[PDB]
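Next up, entry_34.cif (mmCIF, C-alpha atoms):
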```
data_start
#
loop_
_atom_site.label_atom_id
_atom_site.label_comp_id
_atom_site.auth_asym_id
_atom_site.auth_seq_id
_atom_site.Cartn_x
_atom_site.Cartn_y
_atom_site.Cartn_z
CA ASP A 219 -65.63 53.17 -97.81
CA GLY A 220 -66.40 50.37 -100.26
CA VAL A 221 -66.79 46.62 -100.53
CA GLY A 222 -63.42 46.09 -102.21
CA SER A 223 -61.29 48.36 -99.99
CA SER A 224 -59.85 47.44 -96.61
CA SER A 225 -60.93 49.71 -93.76
CA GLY A 226 -57.79 49.16 -91.68
CA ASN A 227 -54.39 47.52 -91.46
CA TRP A 228 -52.94 44.92 -89.10
CA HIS A 229 -51.10 46.75 -86.30
CA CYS A 230 -49.39 44.55 -83.71
CA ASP A 231 -46.11 45.75 -82.21
CA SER A 232 -44.53 47.19 -79.07
CA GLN A 233 -42.57 50.46 -79.06
CA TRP A 234 -40.18 51.09 -76.17
CA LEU A 235 -39.32 54.73 -75.54
CA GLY A 236 -37.45 56.09 -72.51
CA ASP A 237 -40.20 56.40 -69.91
CA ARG A 238 -43.04 54.99 -72.03
CA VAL A 239 -43.95 51.77 -73.82
CA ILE A 240 -46.73 51.64 -76.43
CA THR A 241 -48.37 48.25 -77.00
CA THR A 242 -50.52 47.54 -80.05
CA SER A 243 -52.40 44.28 -80.61
CA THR A 244 -54.70 43.18 -83.44
CA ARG A 245 -56.95 40.12 -83.38
CA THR A 246 -59.52 38.50 -85.65
CA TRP A 247 -62.94 38.03 -84.05
CA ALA A 248 -66.17 36.19 -84.83
CA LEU A 249 -69.60 37.35 -83.64
CA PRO A 250 -72.64 35.03 -83.83
CA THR A 251 -76.28 35.82 -83.15
CA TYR A 252 -76.98 35.61 -79.41
CA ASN A 253 -80.37 34.62 -77.95
CA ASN A 254 -81.81 34.76 -81.50
CA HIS A 255 -81.94 38.59 -81.26
CA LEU A 256 -83.96 38.45 -78.02
CA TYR A 257 -83.61 39.67 -74.46
CA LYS A 258 -84.25 36.91 -71.94
CA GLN A 259 -84.85 37.06 -68.21
CA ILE A 260 -82.49 34.66 -66.43
CA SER A 261 -82.26 33.44 -62.85
CA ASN A 262 -81.12 30.48 -60.78
CA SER A 263 -84.56 28.97 -61.43
CA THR A 264 -83.93 29.05 -65.24
CA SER A 265 -80.50 27.38 -64.62
CA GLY A 266 -82.07 24.88 -62.09
CA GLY A 267 -80.04 25.99 -58.97
CA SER A 268 -81.69 26.16 -55.48
CA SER A 269 -78.99 27.14 -52.88
CA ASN A 270 -79.65 30.69 -51.58
CA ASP A 271 -75.93 31.73 -51.71
CA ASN A 272 -76.08 30.98 -55.49
CA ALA A 273 -79.50 32.63 -56.17
CA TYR A 274 -79.68 35.41 -58.85
CA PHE A 275 -81.95 37.42 -61.20
CA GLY A 276 -80.88 39.26 -64.39
CA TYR A 277 -81.02 39.37 -68.18
CA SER A 278 -79.11 37.93 -71.13
CA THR A 279 -78.75 40.29 -74.08
CA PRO A 280 -78.27 39.61 -77.81
CA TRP A 281 -75.21 41.89 -77.66
CA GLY A 282 -71.59 40.86 -77.50
CA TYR A 283 -68.75 42.86 -76.00
CA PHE A 284 -65.01 43.34 -76.49
CA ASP A 285 -62.77 42.62 -73.50
CA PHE A 286 -59.02 43.27 -73.32
CA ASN A 287 -58.67 43.43 -69.52
CA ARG A 288 -55.79 40.94 -69.34
CA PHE A 289 -52.12 41.87 -69.58
CA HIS A 290 -51.25 39.18 -72.13
CA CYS A 291 -53.72 40.80 -74.54
CA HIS A 292 -51.16 43.62 -74.94
CA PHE A 293 -47.75 42.38 -73.74
CA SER A 294 -45.83 39.57 -75.39
CA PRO A 295 -43.82 37.36 -73.00
CA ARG A 296 -40.60 39.10 -74.08
CA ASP A 297 -42.13 42.55 -73.59
CA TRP A 298 -43.44 41.45 -70.19
CA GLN A 299 -39.96 40.18 -69.27
CA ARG A 300 -38.41 43.51 -70.27
CA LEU A 301 -41.04 45.45 -68.30
CA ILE A 302 -40.63 43.40 -65.13
CA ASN A 303 -36.82 43.19 -65.27
CA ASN A 304 -36.17 46.86 -66.09
CA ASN A 305 -38.85 48.92 -64.31
CA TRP A 306 -39.90 49.63 -60.73
CA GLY A 307 -43.46 50.48 -61.79
CA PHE A 308 -45.88 51.05 -64.63
CA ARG A 309 -49.42 52.28 -65.26
CA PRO A 310 -51.71 52.75 -68.28
CA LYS A 311 -52.01 56.26 -69.70
CA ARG A 312 -54.26 56.32 -72.79
CA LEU A 313 -56.14 53.97 -75.08
CA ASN A 314 -56.89 53.70 -78.80
CA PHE A 315 -59.46 51.19 -80.07
CA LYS A 316 -60.40 50.27 -83.64
CA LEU A 317 -62.88 47.99 -85.40
CA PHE A 318 -62.40 47.46 -89.12
CA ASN A 319 -62.68 44.99 -92.01
CA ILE A 320 -66.25 44.12 -91.07
CA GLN A 321 -67.49 40.97 -92.83
CA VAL A 322 -71.09 39.82 -92.36
CA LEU B 634 -7.55 37.07 -78.44
CA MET B 635 -8.12 37.34 -74.68
CA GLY B 636 -11.25 39.41 -75.38
CA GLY B 637 -11.94 43.11 -75.69
CA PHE B 638 -11.37 46.00 -78.10
CA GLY B 639 -8.23 46.26 -80.22
CA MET B 640 -6.91 49.76 -80.83
CA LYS B 641 -3.86 51.22 -82.54
CA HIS B 642 -4.01 54.07 -79.99
CA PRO B 643 -5.44 52.64 -76.76
CA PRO B 644 -5.66 54.62 -73.50
CA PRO B 645 -2.11 55.79 -72.79
CA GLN B 646 0.00 54.35 -70.01
CA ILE B 647 -0.07 56.50 -66.87
CA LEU B 648 3.25 56.31 -65.04
CA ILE B 649 3.83 57.57 -61.49
CA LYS B 650 6.92 57.72 -59.28
CA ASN B 651 7.95 59.26 -55.97
CA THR B 652 10.65 61.87 -56.49
CA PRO B 653 13.79 60.72 -54.61
CA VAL B 654 14.63 62.80 -51.55
CA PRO B 655 18.34 62.47 -50.68
CA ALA B 656 19.44 62.12 -47.07
CA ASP B 657 22.12 64.37 -45.61
CA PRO B 658 25.06 64.47 -48.06
CA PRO B 659 28.68 64.57 -46.89
CA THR B 660 30.24 67.96 -46.23
CA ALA B 661 33.00 67.17 -48.77
CA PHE B 662 32.19 66.90 -52.46
CA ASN B 663 31.90 63.39 -53.89
CA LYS B 664 31.19 62.85 -57.58
CA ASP B 665 29.37 59.53 -57.13
CA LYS B 666 25.59 59.51 -57.43
CA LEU B 667 23.79 59.66 -54.10
CA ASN B 668 22.64 56.31 -52.69
CA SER B 669 21.27 57.49 -49.31
CA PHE B 670 17.64 58.61 -49.53
CA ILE B 671 14.83 59.31 -47.09
CA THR B 672 12.44 56.35 -46.95
CA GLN B 673 9.19 57.59 -48.48
CA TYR B 674 5.88 56.40 -49.88
CA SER B 675 2.85 58.21 -51.27
CA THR B 676 -0.91 57.74 -51.15
CA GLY B 677 -3.91 59.40 -52.72
CA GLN B 678 -7.11 58.95 -54.69
CA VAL B 679 -7.52 58.07 -58.36
CA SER B 680 -10.67 58.61 -60.43
CA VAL B 681 -11.43 57.35 -63.93
CA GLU B 682 -14.62 58.14 -65.86
CA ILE B 683 -15.52 56.26 -69.05
CA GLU B 684 -18.49 56.93 -71.32
CA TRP B 685 -19.87 53.81 -73.01
CA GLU B 686 -22.12 53.73 -76.08
CA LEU B 687 -24.98 51.23 -76.04
CA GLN B 688 -26.58 49.22 -78.85
CA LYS B 689 -30.19 48.57 -77.86
CA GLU B 690 -32.00 45.37 -78.80
CA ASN B 691 -34.91 45.45 -81.25
CA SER B 692 -35.79 41.75 -81.27
CA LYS B 693 -39.19 40.46 -82.35
CA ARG B 694 -38.72 37.24 -80.35
CA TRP B 695 -41.96 36.18 -78.68
CA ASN B 696 -40.75 33.91 -75.86
CA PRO B 697 -38.74 35.40 -72.98
CA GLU B 698 -34.97 35.62 -73.28
CA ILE B 699 -32.30 34.12 -71.05
CA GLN B 700 -31.22 36.64 -68.42
CA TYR B 701 -28.48 36.69 -65.81
CA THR B 702 -30.08 36.49 -62.38
CA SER B 703 -29.10 35.89 -58.78
CA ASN B 704 -30.47 32.81 -57.04
CA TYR B 705 -33.08 33.43 -54.35
CA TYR B 706 -32.16 30.28 -52.41
CA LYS B 707 -30.73 30.97 -48.96
CA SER B 708 -26.96 31.08 -48.52
CA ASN B 709 -24.48 32.06 -45.83
CA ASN B 710 -23.28 35.04 -47.89
CA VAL B 711 -24.67 37.31 -50.59
CA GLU B 712 -23.00 36.81 -53.96
CA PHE B 713 -20.74 39.72 -54.96
CA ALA B 714 -20.60 41.05 -51.40
CA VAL B 715 -18.27 41.05 -48.42
CA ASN B 716 -17.80 38.17 -45.99
CA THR B 717 -17.89 38.34 -42.18
CA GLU B 718 -14.20 39.36 -42.35
CA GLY B 719 -14.83 42.13 -44.89
CA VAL B 720 -13.36 40.21 -47.84
CA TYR B 721 -14.99 40.99 -51.18
CA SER B 722 -15.28 38.09 -53.60
CA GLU B 723 -16.51 37.48 -57.15
CA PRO B 724 -18.09 34.00 -57.04
CA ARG B 725 -18.33 33.38 -60.80
CA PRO B 726 -17.29 34.89 -64.14
CA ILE B 727 -20.08 36.80 -65.86
CA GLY B 728 -20.19 36.99 -69.64
CA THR B 729 -22.21 39.35 -71.80
CA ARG B 730 -24.11 37.00 -74.14
CA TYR B 731 -27.59 36.32 -72.78
CA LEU B 732 -29.85 38.12 -75.26
CA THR B 733 -30.38 36.53 -78.67
CA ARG B 734 -30.60 37.63 -82.29
CA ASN B 735 -30.87 35.88 -85.63
CA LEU B 736 -27.82 34.84 -87.63
#
```
Please express what this file holds, its structure, as structure tokens.
Amino acid sequence: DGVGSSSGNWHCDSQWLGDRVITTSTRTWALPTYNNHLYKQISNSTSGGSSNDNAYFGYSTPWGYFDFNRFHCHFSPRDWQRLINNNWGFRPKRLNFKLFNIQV
Amino acid sequence: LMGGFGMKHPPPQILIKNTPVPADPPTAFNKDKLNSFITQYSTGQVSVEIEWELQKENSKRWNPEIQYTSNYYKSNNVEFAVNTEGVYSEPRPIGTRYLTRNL
């Protein structure tokens, strides 16, 4: 939109329906410049390691990534307690992801 | 004061009695009330169904609440179960106030 208008609101809550629970979590993030905008070949030689079980080859990218693959990223301790004390099972169904209020 | 719900019109009293069955009366009329009855008792099943309304909790508390729970530690008998002689027992009084809300 514009410089002086927010592009999103802070949504962080849990909604408990009958057979469904919807968890929403919002966090503030910081993203630096990685590798000074470069791709770099990396290996156990570049990290100084010489045991063959620990040998590797790959690349480090200037890109970051968002990870929310831990349960506490979505469930508060009270919500987790409710889930574990009141349900025989659970599974994820669908996902909604948002990035907003970008500040460089 | 002992706990519970006070009502002007609570559930009504349900009263039950075995109808007296007189024994053999004398063959000559006697005006006195009969005092010889057949020894009787009755048995049967009784069912009561009550619908309860619930007030769900909408707390924003972050840390987990206190909850009533059984103890995993081994014991000779299971709490709220029968003994080896078939005797059912309630080992402790259980209240209702474990969840929390602001004042």
Quick one: which residues from chain A are at most 10 Å off chain B, using all atoms listed in the file, as a compact mmCIF listing (two decimals) with C-alpha atoms, in the frame of the given file?
```
# COMPACT_ATOMS: atom_id res chain seq x y z
CA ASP A 231 -46.11 45.75 -82.21
CA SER A 232 -44.53 47.19 -79.07
CA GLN A 233 -42.57 50.46 -79.06
CA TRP A 234 -40.18 51.09 -76.17
CA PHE A 293 -47.75 42.38 -73.74
CA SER A 294 -45.83 39.57 -75.39
CA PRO A 295 -43.82 37.36 -73.00
CA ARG A 296 -40.60 39.10 -74.08
CA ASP A 297 -42.13 42.55 -73.59
CA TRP A 298 -43.44 41.45 -70.19
CA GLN A 299 -39.96 40.18 -69.27
CA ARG A 300 -38.41 43.51 -70.27
CA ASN A 303 -36.82 43.19 -65.27
```
Distance query residue A:262 at most 9 Å, all atoms listed in the file, self and fewer than 2 positions along chain excluded, as JSON, numbers by chain: {"A": [260, 264, 265, 266, 267, 268, 269, 272, 273, 274, 275]}
Shell of 10 Å around residue A:245, all atoms listed in the file, local chain residues under 2 positions omitted, as a PDB file with C-alpha atoms, keeping the file's coordinate frame:
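The result, written out as out08.pdb:
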```pdb
ATOM      1  CA  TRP A 228     -52.940  44.920 -89.100  1.00  0.00           C
ATOM      2  CA  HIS A 229     -51.100  46.750 -86.300  1.00  0.00           C
ATOM      3  CA  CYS A 230     -49.390  44.550 -83.710  1.00  0.00           C
ATOM      4  CA  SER A 243     -52.400  44.280 -80.610  1.00  0.00           C
ATOM      5  CA  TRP A 247     -62.940  38.030 -84.050  1.00  0.00           C
ATOM      6  CA  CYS A 291     -53.720  40.800 -74.540  1.00  0.00           C
TER       7      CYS A 291
END
```
Shell around residue B:637 at 12 Å using all atoms listed in the file, local window under 6 positions removed, as number ranges by chain: B: 643, 728-729
For residue A:238, list every protein, DNA or RNA residue within 12 Å, evaluated using all atoms listed in the file, and leave out those in the same chain fewer than 4 positions away; present the list as a list in words.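 Surrounding residues, per the criterion: residues 232, 233, 234, 301, 305, 307, 308, 309, 310, 311 and 312 of chain A.
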Tell me which residues the PyMOL selection byres ((chain B and resi 674) around 10) grabs here, as a VMD selection string. chain B and resid 650 to 652 671 to 673 675 to 676
Could you tell me how far atom CA of residue A:302 sits from atom CA of residue A:236, in Å to one decimal place?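 It comes out at 15.0 Å.
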Nearest residue to residue A:286 out of A:261, A:242, A:249, A:226, using only C-alpha atoms?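 Counting only C-alpha atoms, the residue closest to residue A:286 is A:242.
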Within 12 Å of (-79.9, 37.1, -74.3) in the file's own coordinates, which protein, DNA or RNA residues have an atom, counting only C-alpha atoms? List them as a PyMOL selection string. chain A and resi 251-260+276-282
Of the candidates A:240, A:320, A:248, A:313, which one gets nearest to residue A:223 if we count only C-alpha atoms?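 Using only C-alpha atoms, the shortest distance to residue A:223 belongs to A:320.
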Please report the interatomic distance between atom CA of residue B:719 and atom CA of residue B:649 in Å with one decimal. 29.4 Å
For the PyMOL selection byres ((chain B and resi 713) around 10), applied here, can you spell out every residue it catches as a ChimeraX atom specification? /B:703,710-712,714-716,721-725
Suppose you want the space between atom CA of residue A:304 and atom CA of residue B:683; what is it in Å? 22.9 Å
Just add N, CA, C and O atoms to stretch 279-304 of chain A and send it as a compact mmCIF listing (two decimals), keeping the file's coordinate frame.
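File part30.txt, as written:
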```txt
# COMPACT_ATOMS: atom_id res chain seq x y z
N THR A 279 -78.52 39.41 -72.96
CA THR A 279 -78.75 40.29 -74.08
C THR A 279 -78.24 39.67 -75.38
O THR A 279 -77.34 38.83 -75.36
N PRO A 280 -78.81 40.06 -76.52
CA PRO A 280 -78.27 39.61 -77.81
C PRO A 280 -76.97 40.30 -78.21
O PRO A 280 -76.47 40.04 -79.31
N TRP A 281 -76.43 41.16 -77.36
CA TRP A 281 -75.21 41.89 -77.66
C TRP A 281 -73.98 41.14 -77.18
O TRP A 281 -74.01 40.47 -76.15
N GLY A 282 -72.90 41.26 -77.95
CA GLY A 282 -71.59 40.86 -77.50
C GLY A 282 -70.80 42.06 -77.00
O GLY A 282 -71.24 43.21 -77.06
N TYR A 283 -69.60 41.78 -76.50
CA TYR A 283 -68.75 42.86 -76.00
C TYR A 283 -67.29 42.48 -76.18
O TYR A 283 -66.92 41.30 -76.16
N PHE A 284 -66.45 43.51 -76.34
CA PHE A 284 -65.01 43.34 -76.49
C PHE A 284 -64.35 43.53 -75.14
O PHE A 284 -64.62 44.50 -74.43
N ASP A 285 -63.48 42.58 -74.77
CA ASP A 285 -62.77 42.62 -73.50
C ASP A 285 -61.29 42.44 -73.78
O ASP A 285 -60.89 41.48 -74.44
N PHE A 286 -60.48 43.36 -73.27
CA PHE A 286 -59.02 43.27 -73.32
C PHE A 286 -58.43 43.62 -71.97
O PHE A 286 -57.43 44.33 -71.87
N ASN A 287 -59.04 43.11 -70.90
CA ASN A 287 -58.67 43.43 -69.52
C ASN A 287 -57.71 42.40 -68.95
O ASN A 287 -57.75 42.10 -67.75
N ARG A 288 -56.84 41.84 -69.78
CA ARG A 288 -55.79 40.94 -69.34
C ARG A 288 -54.47 41.40 -69.95
O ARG A 288 -54.43 41.85 -71.10
N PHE A 289 -53.39 41.30 -69.16
CA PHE A 289 -52.12 41.87 -69.58
C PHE A 289 -51.57 41.19 -70.83
O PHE A 289 -50.96 41.84 -71.69
N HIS A 290 -51.77 39.87 -70.96
CA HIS A 290 -51.25 39.18 -72.13
C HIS A 290 -51.95 39.56 -73.42
O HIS A 290 -51.46 39.21 -74.50
N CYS A 291 -53.08 40.27 -73.35
CA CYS A 291 -53.72 40.80 -74.54
C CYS A 291 -52.89 41.91 -75.19
O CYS A 291 -53.11 42.23 -76.36
N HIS A 292 -51.96 42.50 -74.45
CA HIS A 292 -51.16 43.62 -74.94
C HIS A 292 -49.66 43.37 -74.89
O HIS A 292 -48.95 43.88 -75.76
N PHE A 293 -49.17 42.62 -73.92
CA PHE A 293 -47.75 42.38 -73.74
C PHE A 293 -47.41 40.97 -74.20
O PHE A 293 -48.02 40.00 -73.74
N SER A 294 -46.43 40.86 -75.09
CA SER A 294 -45.83 39.57 -75.39
C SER A 294 -44.98 39.12 -74.21
O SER A 294 -44.61 39.93 -73.36
N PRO A 295 -44.68 37.82 -74.11
CA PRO A 295 -43.82 37.36 -73.00
C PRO A 295 -42.48 38.08 -72.94
O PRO A 295 -42.01 38.38 -71.84
N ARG A 296 -41.87 38.37 -74.08
CA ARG A 296 -40.60 39.10 -74.08
C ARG A 296 -40.79 40.53 -73.60
O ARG A 296 -39.97 41.05 -72.82
N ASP A 297 -41.85 41.20 -74.07
CA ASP A 297 -42.13 42.55 -73.59
C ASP A 297 -42.43 42.56 -72.10
O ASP A 297 -41.98 43.46 -71.37
N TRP A 298 -43.17 41.56 -71.62
CA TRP A 298 -43.44 41.45 -70.19
C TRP A 298 -42.15 41.25 -69.41
O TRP A 298 -41.96 41.84 -68.34
N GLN A 299 -41.24 40.41 -69.93
CA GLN A 299 -39.96 40.18 -69.27
C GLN A 299 -39.16 41.47 -69.19
O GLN A 299 -38.58 41.79 -68.14
N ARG A 300 -39.10 42.23 -70.29
CA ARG A 300 -38.41 43.51 -70.27
C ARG A 300 -39.02 44.45 -69.23
O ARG A 300 -38.30 45.07 -68.43
N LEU A 301 -40.35 44.56 -69.23
CA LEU A 301 -41.04 45.45 -68.30
C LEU A 301 -40.72 45.09 -66.85
O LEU A 301 -40.41 45.96 -66.04
N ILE A 302 -40.79 43.80 -66.52
CA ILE A 302 -40.63 43.40 -65.13
C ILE A 302 -39.16 43.42 -64.70
O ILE A 302 -38.86 43.63 -63.52
N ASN A 303 -38.23 43.21 -65.63
CA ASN A 303 -36.82 43.19 -65.27
C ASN A 303 -36.17 44.57 -65.31
O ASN A 303 -35.07 44.73 -64.77
N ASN A 304 -36.81 45.56 -65.92
CA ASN A 304 -36.17 46.86 -66.09
C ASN A 304 -36.91 48.04 -65.47
O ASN A 304 -36.44 49.17 -65.59
```
